[PDB]
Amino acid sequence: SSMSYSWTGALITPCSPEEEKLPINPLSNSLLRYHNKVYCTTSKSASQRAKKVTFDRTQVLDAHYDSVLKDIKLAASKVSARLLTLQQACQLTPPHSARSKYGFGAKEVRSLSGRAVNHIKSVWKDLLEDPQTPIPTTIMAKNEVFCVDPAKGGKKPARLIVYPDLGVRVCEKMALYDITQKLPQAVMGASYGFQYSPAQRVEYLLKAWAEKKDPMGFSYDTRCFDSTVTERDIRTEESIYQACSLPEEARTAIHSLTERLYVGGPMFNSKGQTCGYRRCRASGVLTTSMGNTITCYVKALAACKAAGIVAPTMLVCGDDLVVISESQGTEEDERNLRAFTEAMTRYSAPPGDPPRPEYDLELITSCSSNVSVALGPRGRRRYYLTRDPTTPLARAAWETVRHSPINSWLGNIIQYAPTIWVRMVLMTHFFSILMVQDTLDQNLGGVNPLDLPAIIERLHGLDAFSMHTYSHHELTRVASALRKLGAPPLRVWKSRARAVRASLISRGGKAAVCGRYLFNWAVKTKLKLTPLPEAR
């Protein structure tokens, strides 16, 4: 029936001309040796991305679906959302957001420049006046850094980004922003994934697992999900949106955006040319995350009913999905999972690698990440979130004339503070670098590195400075990722750490705090890390 895209064959151009690499990488050539393996996705690869996302789709629904789609509309309707004053929408605009084709950008929008406000007024009026004309969109290639994988086919192609002009982007927010803030939690409750800290996700997963008498879990994925969304799905989304208590002006505009933007439209490149036409989800629009989350939830939950999964507990973050149910023995479990996979396929949401049932929580990848366990200070099992460190290490070794990785180090040091790989590798490297630059109290991305212990204790807990006896799985995976990238093995990091520790101690003050809280693990003879005033 629907086929997701169609193409003029015009070249998908780059935004910010691709940066060449350099013959020395000074910040990272002590981190890892095999720099040849770290690459960034060229926009030449754009063509290849297209082939992988262009394909016919055919949907077929059923009682199961229809029943869910009803229950969800009942839930939508206990929700009332408001319009957003054009002004308020302008304020929500990101600072460096792509400028408008009509002579203004986010500076102007955020400051409520008169010209910017005129245009946004006229765009919005035209939404209310006209509910048919497709709104044009731009298509670009997002470049991102990765490590090469021969198994999974050398280098990945660039992701395609597709988005309307800035004017429309604001209007979108006027119409929909309050829904996006209210609806998911309404229709999905506990299952709405974004509502949780990394630490709460773990607590959630664990509570689910524990309350099954005999747990099984699995996780469902689609690398190319935006492609599987059908024009019907989108309209069924509007159907859900309108199910709320809304201003009549809202309703017209939601509907008009649906028909003119969300359902599809043409696609132009940077150089202006016509590039294609889209009949699936656009990646760059406001409702992308809300739609994906909600849609996937309907289908998934219907499929659980087709397949006969007993007592399911879900967690949904856009495309990413984890279900934790009661086992019907392994023999039935394998069948039910195939059923699910059939059902989803009929619903037009087929997967990459297909699901398999698992009976141990560590083996379930949720959100490019997963739970694992180590031992805490008093010797109790302590559970925490983690992941394959390949991409993080790859990106930690990315240096262009225009780009520095120091920020991504910090990102990961915070996010994954309790992991063995942050604690032994990234932290050791990160402080070792800044010591030598004597730039320890600079502020990177609005954080001061001498505040980490504090920041860490507040987001992760004093135990995150004391954990030991990491799992076989984690230890094997880390070992392997360092060997893969030519970083030193953990024993070498232990040394570097002892020494980075010495210096931080001798510096006194807030450095020695870092020195003692962050690097206790590295010493032969532990200190007794009491809680931190600054933390609360």
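Residue numbers here begin at 1 and follow the sequence given.
**Q** Given the B-factors recorded for C-alpha atoms, which segment has the greater mean, 334-342 or 387-395?
**A** Higher mean C-alpha B-factor in the PDB entry: 334-342.
**Q** Where do the C-alpha atoms have the higher mean temperature factor in this entry, in 128-136 or in 406-414?
**A** Per the PDB entry, the higher value belongs to 128-136.
**Q** Highest Cα temperature factor in the entry, among the options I505, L475, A481, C40: which one is it?
**A** That would be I505, according to the entry.
**Q** Can you pull the Cα B-factors for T419, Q437, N370, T274 from the entry and say which is highest?
**A** Largest recorded C-alpha B-factor: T274.
**Q** Taking the entry's C-alpha B-factors for this chain, is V68 in the lowest, middle or highest third?
**A** Highest third, going by the recorded CA B-factors of the chain.
**Q** For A522, does the deposited CA B-factor place it in the lowest, middle or highest third of the chain?
**A** CA B-factor rank for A522: middle third.
**Q** Would you check the entry's CA temperature factor for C244 and let me know if it's in the chain's lowest, middle or highest third?
**A** Highest third.
**Q** Compared with the other modelled residues in the chain, in which third is the CA B-factor of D149?
**A** Its C-alpha B-factor, which the entry lists for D149, ranks in the highest third among residues of this chain.
**Q** Comparing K142 with the other modelled residues of its chain, is its CA B-factor in the lowest, middle or highest third?
**A** According to the entry, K142 has a C-alpha B-factor in the chain's middle third.
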